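Below: the structure, in structure tokens.
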Amino acid sequence: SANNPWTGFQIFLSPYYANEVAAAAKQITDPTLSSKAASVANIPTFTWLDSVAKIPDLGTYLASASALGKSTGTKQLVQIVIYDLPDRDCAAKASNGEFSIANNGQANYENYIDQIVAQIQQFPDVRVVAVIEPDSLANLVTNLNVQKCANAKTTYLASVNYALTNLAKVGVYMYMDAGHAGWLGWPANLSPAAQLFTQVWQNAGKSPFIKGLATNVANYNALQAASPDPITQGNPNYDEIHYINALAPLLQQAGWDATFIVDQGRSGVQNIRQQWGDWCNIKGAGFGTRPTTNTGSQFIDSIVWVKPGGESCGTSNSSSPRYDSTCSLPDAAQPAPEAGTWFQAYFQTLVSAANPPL
Ligand SMILES: *[C@@H]1O[C@H](CO)[C@@H](O[C@@H]2O[C@H](CO)[C@@H](O)[C@H](O)[C@H]2NC(C)=O)[C@H](O)[C@H]1NC(C)=O
């Protein structure tokens with residue numbers, strides 16, 4: 001559209017990912033591979049606010065971005081993921097979300113949003129782009145027979161509403177998570193998906209700050225595949241461009257000229273999955289297309305790196321309180337540490353298998 005949130009801005013680079021990557025590169029013994037790894041700290045990623053404990057970090061990033069913009073004569077942009085719904089990840093075998101619907105989950109989540117708004121309010125010279133709640137609304141399309149998801153439906157809808165409505169008041173550009181081509185891109189899922197996302201957009205007042213949708217977050221799909229991944233059989237929308245090309249007109253018909261961002265951070269290697277639903281620490285993944293607004297699609301504002309490659313998706317240790325058995329599948333890299341903690345061997349392969357090369 002006319003207003004691409006990224007145009008004319010310099011993206012603030014995550015210091016947390018930068019620190020993880022710096023510590024990782026010096027453990028990589030091959031000196032040319034190590035230097036390639038270190039340059040990954042120069043590639044913009046999204047910062048995940050997956051708990052209230054991450055909110056002070058947001059404050060420091062906004063303040064640092066503000067000072068960097070003044071130091072360099074630029075306008076800075078901070079990239080965040082809103083990821084703390086009560087009863088988070090309702091269809092998963094395990095979730096790490098700190099809030100529960102049974103224990104004031106909605107009110108606690110609204111306080112989490114309020115604390116994020118109170119930080120953003122203080123730095124109006126910094127632009128913020130937020131991905132809204134991966135692995136949430138997409139469950140309300142296809143997973144309503146999971147009892148945890150059926151029970152969470154009204155809370156997901158109310159809490160996402162609260163996030164959209166209140167982040168809009170401080171001017172945050174927002175992309176609702178919308179799964180990926182293998183989830184909502186199935187032709188039969190397109191209309192129910194469009195209906196849900198449009199209703200959410202309406203409930204939040206159709207704010208122009210609700211730009212559209214984020215796809216392939218933390219996943220591995222191609223944006224544009226040379227040949228369909230065997231896991232996609234039965235779905236004519238076998239990559240993200242097919243999915244977005246099919247969904248975007250349905251949103252436009254409802255009055256919402258929605259645009260998209262697409263995670264490609266771990267999309268460099270295709271055809272590495274046994275089944276499309278396999279999502280955890282998929283073995284052999286490589287860093288993919290670097291973030292850019294040169295997307296080739298009228299519908300896509302940016303290719304992005306939302307999931308930071310090298311942070312684990314989940315432990316493969318079946319004795320952990322947080323164990324998700326998806327993370328022990330044959331196509332899952334093992335042994336894997338706890339979700340969010342650094343997974344050095346996985347990072348090294350992301351670097352070695354990067355396509356385009358680093
Ligand atoms: C796999 O998970 C279990 C439990 O989460 C870990 O075993 C516990 O580890 C803690 C800290 O080392 C100890 O206090 C407990 O006594 C252990 N309980 C049992 C039954 O062993 C286990 O260490 C984890 N394995 C790995 C590689 O992380």
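This chain uses plain numbering: 1 for the first residue, then up along the sequence. Every number for a ligand or one of its atoms is a count from 1 in the order of the listing. These values consider heavy atoms only, across backbone and side chains, with no hydrogens, waters or symmetry-generated copies.
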Among all the protein's heavy atoms, is there at least one whose distance to [atom] comes out below 4.0 Å?
| atom | value |
| --- | --- |
| atom 11 (C) of ligand 1 | no |
| atom 7 (O) of ligand 1 | no |
| atom 1 (C) of ligand 1 | yes |
| atom 25 (N) of ligand 1 | yes |

Checklist entry - Just by distance, with hydrogens left out, do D257 and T259 show a side-chain donor and acceptor under 3.5 Å apart? => result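 No, no side-chain donor-acceptor contact under 3.5 Å.
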
Item to check | Positive for ring-ring contact (aromatic ring centres under 6.0 Å, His included) with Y83, one of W48, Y112, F46 | outcome: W48

Item to check | ligand 1 atoms in contact with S320 (distance to a heavy atom under 4.0 Å) | outcome: 2 (O), 5 (O)

Item to check | Subset of ligand 1 atoms that lie under 4.0 Å from at least one heavy atom of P321 | outcome: 5 (O)

Next on the checklist: Give me the nearest non-hydrogen protein atom to atom 4 (C) of ligand 1 as residue plus atom name, then the distance to 0.1 Å.
Outcome noted: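 It is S319 O, 3.3 Å.
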
Checklist entry - Which residue holds the protein heavy atom closest to atom 22 (C) of ligand 1, what is that atom called, and what is the gap in Å? => result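 Ranked first by proximity to atom 22 (C) of ligand 1 is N317 ND2, 3.7 Å.
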
Item to check | Polar side-chain atom of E110 near backbone of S159 as donor-acceptor pair, under 3.5 Å | outcome: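 It does not hold such a pair.
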
Next on the checklist: Tell me whether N237 contacts the main-chain N or O of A181 through its side chain, where contact means a donor paired with an acceptor under 3.5 Å.
Outcome noted: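 Not at all, since once roles are kept as given, no pair shorter than 3.5 Å links the two residues.
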
Item to check | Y16 six-ring centre to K54 NZ/CZ under 6.0 Å and within 45° of normal | outcome: yes

Next on the checklist: So for atom NZ, which belongs to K283, do other residues, nucleotides or ligands contribute more than 12 heavy atoms lying within a distance under 6.0 Å?
Outcome noted: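 No.
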
